[PDB]
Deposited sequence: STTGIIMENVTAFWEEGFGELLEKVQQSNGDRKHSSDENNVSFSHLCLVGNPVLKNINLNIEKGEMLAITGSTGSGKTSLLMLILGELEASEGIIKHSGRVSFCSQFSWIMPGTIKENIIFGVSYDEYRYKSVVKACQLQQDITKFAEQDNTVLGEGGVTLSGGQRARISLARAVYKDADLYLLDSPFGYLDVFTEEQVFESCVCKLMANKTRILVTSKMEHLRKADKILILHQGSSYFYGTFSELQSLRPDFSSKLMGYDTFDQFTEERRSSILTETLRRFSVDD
């Protein structure tokens, strides 16, 4: 499981460099918080959806769990192997397969089931060599979604206790992404403790807990139901869109941000 009791963390010199790699020294000198009074309790097998305004601390909270940012006040409790899957989808030179099982024991069943749920079948079938196509470093002629699904597969194949998925559903092939959410994150991963950063409303619905950050602070925590009751101005605005989850990542963040400001 993963517990966070009143946690706060400050700009440490060097942290913002890592945040580029995944002005800073002014935030460091001045001593601001990057997250502030963060609280959450996720029990084994639960799925936490994290969302919020753009630049609100979401990736920084993942760096906290990974142990890259140092929590000044608070307790952070969790244990085991943790599998991280960043926004930036990196690709090592080698085959699509090699990339997915990087430095980890092959397991024909486990592999086929990840490859499958992550919607990579539609993809590797396009290629003369299937999942034995060799990729150049950075996976460059691929699409943004293709890289993202390769990077997700790689991360989900890893066997671990906690899975941190940072924003893999933000590209244009929006239906595949709906498939992937459902087969991978919701079915195949259903028994694994997993945190998902996201700007799609659907993911909030189907989650166990929810965390919405804004200007570094927790603007909400607790379940999807509580969200509608407790922050209703929020809930009205967002839920009352036609197909908000098929807006671009860019437009979804814009509204989340404009909305979080209105009702602070």
>> Which parts of the deposited sequence lack C-alpha coordinates in this model? Number from residue 1, please.
In response: 1-3, 26-41, 284-286
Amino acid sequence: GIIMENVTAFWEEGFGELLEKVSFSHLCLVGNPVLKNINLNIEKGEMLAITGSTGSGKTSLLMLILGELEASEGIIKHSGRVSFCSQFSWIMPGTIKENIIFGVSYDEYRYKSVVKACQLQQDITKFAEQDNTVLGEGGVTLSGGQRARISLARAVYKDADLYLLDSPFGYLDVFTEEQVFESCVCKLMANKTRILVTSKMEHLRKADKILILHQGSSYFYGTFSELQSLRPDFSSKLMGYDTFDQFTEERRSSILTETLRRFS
From here on, numbers count along this sequence of modelled residues.
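Think of the rigid core as the biggest set of C-alphas that the two forms share within 1.5 Å after superposition.
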>> Stretch 118-126 versus stretch 136-144: after rigid core alignment, which one is farther off in C-alpha RMS in 6 other deposited structures of this protein?
In response: 136-144
> 165-173 versus 103-111: which one's CA atoms end up farther from this form in 6 other deposited structures of this protein after a core fit?
Replying inline: 103-111
> Given the B-factors recorded for C-alpha atoms, which segment has the greater mean, 78-86 or 145-153?
Replying inline: 78-86
> So 68-76 or 115-123, which one's hotter by mean CA B-factor in the entry?
Replying inline: 68-76
>> Just to confirm, going by the entry's C-alpha B-factors, which of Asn39, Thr59, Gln228, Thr51 comes out highest?
In response: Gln228
>> Could you place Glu13 in the lowest, middle or highest third of its chain by Cα temperature factor, using the values in the record?
In response: middle
> What third of its chain, lowest, middle or highest, does the C-alpha temperature factor of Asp166 fall into?
Replying inline: lowest
>> Is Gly103 in the lowest, middle or highest third of its chain when residues are ranked by C-alpha B-factor?
In response: highest
> If you rank every modelled residue in this chain by C-alpha B factor, which third holds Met189: lowest, middle or highest?
Replying inline: highest
>> Could you place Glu137 in the lowest, middle or highest third of its chain by Cα temperature factor, using the values in the record?
In response: highest
